[PDB]
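Inside the fold
Spelled out, the chains give:
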Amino acid sequence: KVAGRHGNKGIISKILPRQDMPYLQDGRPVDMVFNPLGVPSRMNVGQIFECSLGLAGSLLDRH
Amino acid sequence: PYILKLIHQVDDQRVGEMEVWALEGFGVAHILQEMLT
Amino acid sequence: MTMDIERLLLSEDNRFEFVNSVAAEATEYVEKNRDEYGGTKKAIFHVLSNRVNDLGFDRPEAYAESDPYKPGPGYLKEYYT
Amino acid sequence: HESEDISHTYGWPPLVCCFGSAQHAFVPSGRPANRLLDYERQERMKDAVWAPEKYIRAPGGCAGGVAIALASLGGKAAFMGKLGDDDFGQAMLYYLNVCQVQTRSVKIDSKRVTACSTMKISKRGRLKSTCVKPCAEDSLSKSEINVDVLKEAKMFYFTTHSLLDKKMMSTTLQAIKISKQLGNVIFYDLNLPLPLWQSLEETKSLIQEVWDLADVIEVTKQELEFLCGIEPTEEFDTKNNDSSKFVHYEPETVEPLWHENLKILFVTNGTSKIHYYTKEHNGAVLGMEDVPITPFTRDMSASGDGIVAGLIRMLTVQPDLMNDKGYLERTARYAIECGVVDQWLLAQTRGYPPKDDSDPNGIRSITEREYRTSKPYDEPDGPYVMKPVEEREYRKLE
Amino acid sequence: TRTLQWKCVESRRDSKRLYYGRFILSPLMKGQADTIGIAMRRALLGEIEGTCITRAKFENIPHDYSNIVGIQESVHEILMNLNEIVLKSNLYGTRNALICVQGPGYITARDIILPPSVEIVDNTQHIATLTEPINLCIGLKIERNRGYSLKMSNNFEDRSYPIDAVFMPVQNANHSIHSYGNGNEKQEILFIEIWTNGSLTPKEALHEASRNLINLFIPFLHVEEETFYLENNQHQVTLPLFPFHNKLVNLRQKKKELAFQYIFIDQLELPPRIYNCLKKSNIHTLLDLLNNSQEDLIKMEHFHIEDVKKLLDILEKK
Amino acid sequence: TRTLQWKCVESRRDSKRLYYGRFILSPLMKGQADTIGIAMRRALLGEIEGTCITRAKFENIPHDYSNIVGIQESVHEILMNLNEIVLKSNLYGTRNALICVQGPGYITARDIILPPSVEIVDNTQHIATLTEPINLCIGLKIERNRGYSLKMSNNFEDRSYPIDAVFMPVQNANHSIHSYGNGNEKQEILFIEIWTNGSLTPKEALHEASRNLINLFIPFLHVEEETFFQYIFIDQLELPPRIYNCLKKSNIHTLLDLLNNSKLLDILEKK
Amino acid sequence: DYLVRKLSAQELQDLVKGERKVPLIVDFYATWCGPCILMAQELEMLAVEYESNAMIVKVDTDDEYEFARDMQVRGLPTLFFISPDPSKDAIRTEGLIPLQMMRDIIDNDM
Amino acid sequence: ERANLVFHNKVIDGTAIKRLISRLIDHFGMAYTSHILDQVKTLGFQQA
Amino acid sequence: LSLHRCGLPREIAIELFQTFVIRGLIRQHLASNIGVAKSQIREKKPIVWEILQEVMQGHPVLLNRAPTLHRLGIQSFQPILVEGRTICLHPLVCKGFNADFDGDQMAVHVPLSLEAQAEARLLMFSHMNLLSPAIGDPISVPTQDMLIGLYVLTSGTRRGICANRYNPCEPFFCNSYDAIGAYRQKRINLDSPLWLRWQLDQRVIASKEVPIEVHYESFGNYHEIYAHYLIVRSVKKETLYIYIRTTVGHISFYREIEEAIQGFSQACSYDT
Ligand SMILES: [Ca+2]
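Residues numbered from 1 in each chain as written, not as in the entry; some residues may be left out. Chains lettered and ligands numbered in written order. Part of a larger assembly, values for the part shown. Heavy atoms only, no water.

For this deposition, the record names cryo-EM as the technique by which the model was determined and cites 3.00 Å as its resolution.

With that out of the way, let us pick up the environment of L227(D). Residues and elements named next belong to chain D. Within the fold, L227 resides in helix α7 (residues 221-228). Distance from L227 to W197, taken between C-alpha atoms, is 9.7 Å for residues 30 residues apart in sequence. What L227 contacts, discounting residues up to four positions off in sequence, is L190, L200, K204, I207, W211 and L257. (Helix = DSSP H or I, 4+ residues; strand = E, 2+ residues; numbered from the N terminus. Contact = heavy atoms within 4.5 Å.)

Once that is clear, we can look at the state of the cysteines. All names here are of chain F. With the rule as written, the count across this model stands at two disulfides over all chains. Each sulfur in the disulfide pair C100 and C137 lies 2.0 Å from the other. Looking down the S-S bond of the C100 and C137 bridge, the torsion is 115 degrees, so its handedness is right-handed. Of the two residues, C100 is situated in strand β5 (residues 94-101) and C137 in strand β9 (residues 136-145); the sequence distance between them amounts to 37 residues. (Disulfide = S-S within 2.5 Å.)

So, on to the nonpolar core. With 160 residues, the main nonpolar core has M40(E), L44(E) and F217(F) as its most contacted residues. Among the elements that line this core, the one with the most residues is helix α10 (residues 325-350) of chain D, at eleven residues. Of all hydrophobic cores here, the second largest spans 115 residues; its members include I31(B), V52(C), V40(H) and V110(I). (Core = buried A, V, L, I, M, F, W, Y, C linked by side-chain atoms within 4.5 Å. Buried < 20%, exposed > 50% of the residue type's maximum accessible area, 1.4 Å probe, protein only.)

For the rest of this paragraph, the subject is the pattern of salt bridges. According to the stated counting rule, one finds 75 salt bridges over all chains in the structure shown. Measuring nitrogen to oxygen at the nearest pair gives 2.6 Å for the salt bridge that ties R74(G) to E94(G). With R74(G) in the loop between α3 (65-70) and β4 (78-82) and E94(G) in strand β5 (residues 90-94), this pair connects stretches of sequence that are 20 residues apart. Residue classification places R74(G) among the buried residues on the basis of a relative accessible area of 4%. With relative accessibility at 4%, the residue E94(G) sits in the buried group. Three or more residues joined by partner-sharing salt bridges are found here, namely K82(D), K107(D), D109(D), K111(D) and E144(D). (Salt bridge = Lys/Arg side-chain N within 4 Å of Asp/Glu carboxyl O.)

Turning to the arrangement of the chains, a few remarks are in order. Ranking the 16 pairs of chains in contact by contact count places chains D and E at the top. Between chain B and chain F there is no contact, and the shortest C-alpha to C-alpha separation is 25 Å. Regarding chain B and chain G, the two do not touch, and the least distance separating their C-alpha atoms is 60 Å.

Attention shifts here to the coordination of the calcium ion. Residues and elements named next belong to chain D. Distances from the calcium ion to its protein donors, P59 (O), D189 (OD), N191 (OD1) and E218 (OE), fall at 2.3 to 3.2 Å. One chain supplies every donor to the calcium ion, and in sequence these donors are spaced P-x129-D-x1-N-x26-E. Remark: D189 occurs in strand β9 (residues 185-189) and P59 occurs in the loop between β3 (56-57) and α2 (63-72); sequence separation between them is 130 residues. The same class applies to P59 and to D189, which are both buried. (Donors = N, O, S within 2.8 Å, 3.2 Å for Na, K, Ca; no water.)

Taken in spatial order, the three strands make up an open sheet running β2(A)-β1(A)-β1(B), and their pairing is antiparallel. At either end of the open sheet lies a strand with only one pairing partner, and these are β2 (9-10) of chain A together with β1 (4-5) of chain B. Strand direction decides the pairing type here: strand β1 (residues 2-3) of chain A and β2(A), joined by two bridges, are antiparallel. Pairing of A3(A) across the sheet is with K9(A), part of β2(A). (Pairing = 2+ DSSP bridges.)

So, on to the side chain of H59(I). You can see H59(I) is positioned in the loop between α4 (46-56) and β2 (61-65). Looking at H59(I), the relative accessible area reads 0%, which means it is buried. Looking at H59(I), its side chain comes within polar contact range of the main-chain oxygen of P111(I), at 2.6 Å. Not counting residues up to four positions away in its chain, the partners in contact with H59(I) are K42(C), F17(I), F20(I), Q78(I), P79(I), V110(I), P111(I) and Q117(I). (Polar contact = N/O pair within 3.5 Å; in protein donor to acceptor, adjacent residues only side chain to side chain.)

Our next topic: helix α9 (residues 248-267) of chain I. All names here are of chain I. Between its terminal C-alpha atoms α9 stretches 27 Å, which fits the 28 Å expected from 20 residues at 1.5 Å a residue. The buried count for α9 comes to 15 of 20 residues, which makes it a mostly enclosed element. For α9, the side-chain oxygen to backbone nitrogen distance between the N-cap and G249 is 2.9 Å, and the N-cap itself is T247. (Expected span 1.5 Å × (residues − 1).)

Another point: the interface of chain E and chain D. If you look at the interface, chain E gives 70 residues, while chain D gives 66 residues. Together, the buried faces of chain E and chain D total about 6,400 Å²; carbon and sulfur atoms form 59% of this surface. Along the contact surface separating chain E from chain D lie six salt bridges. Applying the counting rule to chain E against chain D returns 19 residue pairs in polar contact. Listed by contribution, the elements that provide at least two residues to the side of chain E that touches chain D are β5 (95-98), β6 (101-102), β7 (105-108), β10 (135-136), α3 (202-217), α4 (241-254) and α5 (272-280) of chain E. Sort the elements by how many residues they give to the side of chain E that touches chain D and α4(E) lands first, with eight residues. Counted by class, the side of chain E that touches chain D contains 35 nonpolar, 22 polar and 13 charged residues. Sheet topology places strand β14 (residues 395-396) of chain D next to β6(E); two bridges connect them, and they run parallel. Along β6(E), the bridge assignment pairs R395(D) with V101(E). (Buried area = accessible area lost by both parts, 1.4 Å probe. Nonpolar A, V, L, I, M, F, W, Y, C, P; charged D, E, K, R; others polar.)

Attention now goes to the environment of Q32(F). Inspection of the secondary structure puts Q32(F) in helix α1 (residues 32-47). Distance from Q32(F) to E204(F), taken between C-alpha atoms, is 23 Å for residues 172 residues apart in sequence.

Another aspect to go through is a nonpolar patch on the surface. On the surface, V45(A), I48(A) and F49(A) cluster together to form a nonpolar patch covering roughly 310 Å² of accessible area. With respect to the helices and strands, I48(A) occurs in helix α2 (residues 46-60). (Patch = residues over 30% accessible without salt bridge, like charges linked within 9 Å, V, L, I, M, F, W, Y side chains within 5 Å. Areas by Shrake-Rupley, 256 points an atom, 1.4 Å probe, with all protein chains shown as cover.)

This part takes up the sheet that holds strand β14 (residues 187-196) of chain E. All names here are of chain E. Overall, antiparallel pairing links the four strands, which are arranged β1-β2-β14-β13 in an open sheet. With one partner strand each, in any of the chains shown, β1 (5-15) and β13 (170-179) form the two edges of the open sheet. For this sheet, the mean inter-axis angle between neighbouring strands, taken without regard to orientation, is 15 degrees. Across nine bridges, β13 lies against β14 in antiparallel orientation. Pairing of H175 across the sheet is with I192, part of β14. Set on the sheet, helix α1 (residues 32-46) makes contact with β2 (18-29), β13 and β14; between it and β13 the angle comes to about 175 degrees. (Axes fitted to C-alpha atoms, helices over the stretch in contact; angles between N-to-C directions.)

Further remarks concern the pairing of strand β4 (residues 76-84) of chain D. Residues and elements named next belong to chain D. Burial analysis of β4 places eight of its nine residues in the buried class, which makes it a mostly covered element. Pairing geometry for strand β1 (residues 15-19) and β4, over five bridges, is parallel. In the strand pairing of β4, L15 is matched with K76. Across four bridges, β4 lies against strand β5 (residues 106-109) in parallel orientation. By the bridge assignment for β5, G84 is matched with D109. Between the parallel elements β4 and β5, the chain passes through helix α3 (residues 87-98) in a crossover that is right-handed. (Right-handed = clockwise from strand over helix to strand, strands pointing away.)

Considering all chains together, one arrives at 39 aromatic pairs over all chains under this definition. On the numbers, 6.4 Å between centres and 50 degrees between planes, the contact of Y94(D) with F264(E) is tilted. With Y94(D) in helix α3 and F264(E) in the loop between α4 and α5, this residue pair bridges two chains. Residue classification places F264(E) among the buried positions, given a relative accessible area of 8%. Aromatic side chains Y95(D) and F228(E) sit 5.4 Å apart centroid to centroid with 20 degrees between the ring planes, which places their arrangement in the stacked category. With one member in each of two chains, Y95(D) in helix α3 and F228(E) in the loop between α3 and α4 form a pair that bridges those chains. Note on accessibility: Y95(D) and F228(E) belong to one class, buried. The rings of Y94(D), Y229(E), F244(E), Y262(E) and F264(E) are connected pair by pair, giving a single aromatic cluster. The ring of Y270(I) carries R7(C) above its face, with NZ or CZ at 5.8 Å from the centroid. Lying over the aromatic face of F125(I), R121(I) brings its terminal NZ or CZ to 4.0 Å of the ring centre. (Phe/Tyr/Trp six-rings, centres within 6.5 Å; stacked < 30°, edge-to-face > 60°. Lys NZ or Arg CZ within 6 Å of the ring centre and 35° of its normal.)

Have a look at this one:
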């Protein structure tokens, strides 16, 4: 069981090699893939804000 | 995002009375007997 | 077999009598030949295959299938979940 | 002497008649050569990639090897030759058949023996050898020529190895004249045999009567220099891809070897570079030769067979584009890729000889993985293995 | 000189264990860059072998989670430090290495006694810190492999604590496809940027991925399985002709005559029209010819009723 | 124990323009089978050369209408029938095919006059139906390209009707992976499934896809012949106000910004 | 012990000009020739099989190129089978011949 | 034998697919529809 | 997984099929008696897993959700030995079980008597229970991203002002296979409009409306442009050419249903 801090709980069903996980435009494959359908039903948009800001913080080296 | 790992896989049968109703609905009399035998 | 199971039920009058008849005939098969219906061949599947063959169609015995591409005796086909 | 017009049943691609011998694994000769190679990679890969001390490339193999190579490329190749009715002859005959090579033009002889020609060893003055009994694939007769195969074939192929015996030479000339009369393009892969590399003058006289009959001639860079009298001035086995070692000779240097019938001359430096010369156009195509090579495949004969097979494949499908610069560039590039693939396949097939610290025909080989497997270095006296506390010789830190 | 050229447009050495290289391949016809890009992407990420420490063996410690007097790091800290060092080697197999030293001081990758097969990449990598003059000797196992070491129990040996090695040397890879703007055949420009841990330069990884890819598609260009004859035991013959020759000599000694599955219609002195039609119908062997019927032959295009009659008597003479 | 070998397990020909073939490759290490299957599928679908009709010229017909006398099929439908013609060829560049026919009857693929290197896979394909005794000459344009390639030139406009021909000789392709374990021997088995339109056998398409893939990665092995102080600012260093304003206007604040653009240097070089 | 011994041309003349009690096998090889290395492995165990009942000699055609041309060695690998009796003729085999054929060539037919 | 389906051209949604499954069950039976659901499930997952 | 299959871990499957595996070992003489087999199972020999794999083949098991919800809260599936230490379950049946994937544990029971195995396979399998008895509506309807993917497929071309910047004031495919093939070759997009040469009868469901415009040529051929298809009729002849204006998505969805029917018919070849 993995979960964020916004009530987005999740069970791990698949483990894929890094070469077939979806990857960004810088070539880095993503580490985990979530279902976008969870947000509208559960109505927790905070993870959407945290997700985007986490990417910015890691690139800018900020917390 | 910040993702945590939970404790369920670290920390850790009876057929209820409702399963009897479902088995009767299917009409599986021998299966239902097998549960109570 | 799923289509064959329904096909047998099409000519049947009560699906509860059909399963009782299949179970009764399957029990008869295993009593005659104890050392046949334990592994790749199942008693119930043999009944279903026979009942389809009785209608005049062709099915493999007990719907049993092997693995022609199995490399070795110790190699068992891992299932990609 | 002719027959019915059976041209309606000729199926694309056009048949190619690979005339010559059917030796198993037999190279004509080998000359020092320069390989277009990345020597920085070789320096760091010397412990895992085998490289010969001196790079010597054979021009190719027998005519049957080209037929096998051409068949593997999807072309329709028929081998014309003679085989004995013995264990080897039938084994070779089966080998051609299972390789999709048509052998209806192969004459099976019960009197002759395959590749076992008898020799008379003179020992009075200087010891010589005269052929008392030619081998099975040297006794083909002018009557033993499948003219129907020649009628169907749109290209005739032969090598210089078919001219080393007078009986073979007369039949070889006879087959070419019939093919020329039937309108078949004559392909002449030189593949100069070992004896012919001495006394250049006799070599020119040996092939002069047949040089003028070939529409397409494929010679190696070493063979072209030998025929033209050019002395090899470039260095060999030097860790550099100097342009001198891969030099495109000007058409003026090629002119003395030219003749009216000749349409394309192919000069091949292996798969590294292939040069083509025509009446109007001339050019060269760069390739690669850093293919996996083992001591069993170091002669590069598979590349020679693959290159000519690719050349035959491209020329037969488009006979009207022979004098087309754009098509020749694609043809030469295609030949390089065929030669690269064949040499790559041969290395995996034959493998490597076993290292130095159960087979009907004693042949011990190891795969590429086994050749790259390192010794464990687990010797108890070795410096890489734990030793008892007595002789630990603990090194001091900074 | 080549019409299709490739070049390393940028090479960088950000750190001792982070090499960046960008490569261009132009011009590529439309759809080739997409095919090359993904295949290079998968080959670089998971088809390049690397070598690293697989298991370490101490002497006087009870388990990998204890503390050694004189060392500022726990034993588990040492294993993670060992798991982080980068090694280069072109050879396979498991090899031994030693860190037999004494302190006080800093233990780095430069202090590892390596076999000639393998070489150290970053000799400045920290391993352990020794605070008092103790004698520390660690036995190492070095192996070259694909993917990552299996994270399962294999410590049945003499207290060789396993190390979860990650053999993949390409940290990351990326590729971009740009239109050449030719307007006549839709050419494209392919860029490839490779990040490596220093065990091999990005140019080497580009070549190694291409060579590994070729070895993956070259088997389809080999002859089909069960084409040549074999004794059905070796399954790998350097010379495919010899196993059939060994059959004939045994056959000749027993005088049993060759089977029909090894007699081809070429040897049958058939008319050229008959031979061409049979070859067109993918009928090559005499056994395959026999398995057909006369009606199965009449249906062929250039085959007539009179021909099946003359074909039979040819077989009758044989 | 085994070596990497391939074999054809299934091969069906239930048409003249529909061939089926299933191929097995084994043994494969973990992760390799997916890579081979993905690349082979891309090569099969688009990287294999296909031959088909690209343009059709209606010679001797100045009608320019949707229908012509003596032919039941419309002009647009004739192009549609031409687009379905399956061809196999080794041609380089472009060739011309001609269809000059008699009066009443059926125009089939057998009636196409072909350039030397091309063939008709199925001569029974219907082109058009003739009713009135009128001759009809059709000028075809045979071309051989890859599936992924695109062409822009379309003979401008000279009464030649372009045919939007898809160049796929491999109708479909799919790969499957079977994994077998023996405790610790994880070997993978790759299945390749190829459907071709008869222009080439599925075995041939397997080889061409493999060769086309190899020809893509050969260039990476090619070699070429050989021939023989942010923390210091412009404010600190004494500069003329004229020069200072010019640098400040161009956002040249530190010295690094100054060296990145190319008696100013004489005064600067001493400090 | 017994193995394939490297001999030059003058080392082969007195062998054929002089006495020969067991059949003499001349291996015309070159280090650059791939199949000749395979040809050696067959001769490595053929010598073991026939031990002292036959003699195996290898000749390098790169050095003895003038001598190979006199022998009419048309390529590599080439084997010369010399009968112990000077009356009988020699046997020249061209190509990577199988081990079994070399058995019957030296036990009989020569 | 060609199946006489209906070429849905506008759009399918939760209600549209539910009706289609109902009609497929009432016309082909549950054995056919069980296989159709698996193909539909794969098609929906793949395109999503 | 298939609709009627479930994945069982090795350590869970061996516990459920303890007796049957022992029977297989004794039947095939691998184990002399019960005591040897039980010790052999604990040894975890490679043969044991092979016996377990063939034992479960054809033996259905019952999957039960402890907080049972419907009659589908307990159902029968054909188990297949799967890797890992978790029970794989079909996505469709997880809605019949309401099996959320934020945490759930099911109880699995193996029928023993041949009568129980008969009715488990013939009465409780998912392929025979597709209609809810409450009203007679399907239960295994695609949902979640399965429904999203189908919605995107059938969400056709942009129409009107969403497709053209200015007021006007497309490829033709002879068969659906070319349209699919062109889509694979990136020649057309999923939502890009195209014309499909329709060989069957009029089958598309469109609003019953008169043609937008009829192009009546003077030679008798007249084209009828409808909102979604073009029909080419003639006076001299009766050609009746139909071209459907659609997308690859609609073709892919239609082809998927048609192929599923044909694939099921060929597999269950009662004709032979
Ligand atoms: Ca040559």
